[PDB]
Every structure is written in C-alpha cells, then in structure tokens.
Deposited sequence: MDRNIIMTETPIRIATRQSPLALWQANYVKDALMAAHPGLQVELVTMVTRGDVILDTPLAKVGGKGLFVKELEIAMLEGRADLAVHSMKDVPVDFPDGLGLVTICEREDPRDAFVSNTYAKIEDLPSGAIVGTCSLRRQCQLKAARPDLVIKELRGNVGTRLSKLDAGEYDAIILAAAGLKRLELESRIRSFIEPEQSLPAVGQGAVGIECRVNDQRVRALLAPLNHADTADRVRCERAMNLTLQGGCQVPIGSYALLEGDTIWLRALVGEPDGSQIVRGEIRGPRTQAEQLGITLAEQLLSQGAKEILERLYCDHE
C-alpha cells in the first residue's frame, strides 16, 4: 500500500512533501508514495492518528514543542541555507538602507535584531505567503523585506536574494533551513524507511537548537534566535533573546561534545535565564 504524506496546499509545503517523496523513492526502489492535501498543524497530526496518513513533513521552525501520544519527530534531513535573506528591488543590504527606511517583517526574532543595530528603521508587519510577500514589495509597500534563504532557494526564487544576512548579523530561528519528518512512533515500516533520510550532522545540531528553545519558550511567537554549527565533532551553539524594540539583547555561547547536544541547549538556556532572559517577557 502507498505511503501517504500529509501536507498543506502552500508551495513550500508541497515542495518539502515532494522532497521526501522523491528521497524515499530514490532510497527505496519500487516504493509507492502519494500526497494527501489538507484543508494549527494539529489537523495534520490527527490524520496520522486516524490512520488517514503515514508521515508528515515539517520545517523544524514550525515543529511544535509537544507531540501527541503516539507521534514524534524521528527524522531530520540535510540542512539547506540556514540564514536570513535580504530582499529589495531598490536596495542591496541592510546598511544600504536610508535612516527611517521601511522593512517588512512579522518575525519578532528578525525585528529585535534589526532594531538593535539600527533603531531608526521603521518595521512594518508582513503577512501572506511567499508570493504574496513579494507582491507587496513590488507594490512599493516596503523598501525591503526579510525572508528565509531556504524558502526562496527551494522555490527557485533565488534571484530574489540581494544579500545573505549572516548568522552574526541576524541569528537564525531554531532549525531554520532544516526539514524534519513526523510519523507514528511504533510504525516500524515507516521508521525504517525514514532512516536513510536522516542526516546525522544536521540531526545533532537541530536537536541541540531545540532543547535550548524548549527551555526558554515555544513557537515562533517569541523573539529567540537559536543556531548551531559543528566544528569536527564539536558543536558550537549560539542563542539570542531580546526586546522586540531592540532595547537589550542577551547573547550566549557554548561548545559541545557531540553526544551532550541536548544537554548543551538546556544549560545555555538556563545560563541566559540567569542573565535576565526571563525578565524579557
């Protein structure tokens, strides 16, 4: 019987769903995979619980803090470009923006980092899908907008990237550029098929980034950057918590043994909490 992938109708969701689908068929010759369109990720998980679906593809940023009984995140694929992208028709990068320029972003994480470096900037809300966001930019509603580099590259929109904002300039959200896969824990047929898609290097990084995030707070509603490289077998984790208006920014660093990756994040988060990260709310 065909393996079903629960996915939204959005271009990004459809791409990620097809990515795993193709990856599955490449690793397992003769395997049948099909996509089930749906309609707040709860609806996706219910379908898997109701046996209307097998696995679901998520961006690691959008993976919830709590998994319903019977489910969980068992796989993390090879990571794409983790950092933010600067998108403007009239400008190249951040420092080329005039004082009081209008930069659309709905992300508390991206906003707090911009106001920190340049408080002068006027930050306006940005909503809609990827195409809708670009549509507003061409309408002159913004001087510039900031989108994830991964999303644009996967949509072949890569020409819309004027400059790559480095992790130093803007710290990526937890698991940004990383694609995770969720399924039924006790489904061994699926667990065994999703095993080759798992990237060990990427896995330890994101699972380290998560533990840091989880300790502080959940979801994307909170202005928290979480990003980790790995140098050889050593994991370098950087975390960020700050005021949305760019008042104060609390940064931290730690360097890992590869095995303690989950323990690193929870310790660094506790380290920041003692440094005033708790008072930020």
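For this chain, the deposited residues without C-alpha positions form the stretches 1-9, 49-67, 310-317, given in sequence order.
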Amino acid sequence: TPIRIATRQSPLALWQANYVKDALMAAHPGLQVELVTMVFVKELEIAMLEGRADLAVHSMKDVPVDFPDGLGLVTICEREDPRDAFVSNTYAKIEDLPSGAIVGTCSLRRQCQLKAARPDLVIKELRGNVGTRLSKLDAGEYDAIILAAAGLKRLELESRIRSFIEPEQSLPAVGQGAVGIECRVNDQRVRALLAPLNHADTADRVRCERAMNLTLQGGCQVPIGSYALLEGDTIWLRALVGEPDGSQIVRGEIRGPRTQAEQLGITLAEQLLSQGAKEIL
From here on, numbers count along this sequence of modelled residues.
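In this crystal structure, the stretch out of 196-204 and 174-182 whose C-alpha atoms carry the higher mean B factor is 196-204. Averaged over their C-alpha atoms, the temperature factors of 104-112 and 69-77 are higher for 104-112. Between the residues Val222, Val36, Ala56, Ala47, it is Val222 that shows the highest Cα B-factor in the PDB record. For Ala228, the recorded CA temperature factor ranks within the lowest third of the chain's modelled residues. Per-chain ranking of the deposited C-alpha B factor places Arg8 in the lowest third.
Looking at the C-alpha B-factors along this chain, the one for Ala92 belongs to the highest third. Per the PDB record, residue ranking by Cα B-factor puts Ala17 in the middle third of the chain. Per the deposited record, the Cα B-factor of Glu141 falls in the highest third when ranked against the other modelled residues of its chain.
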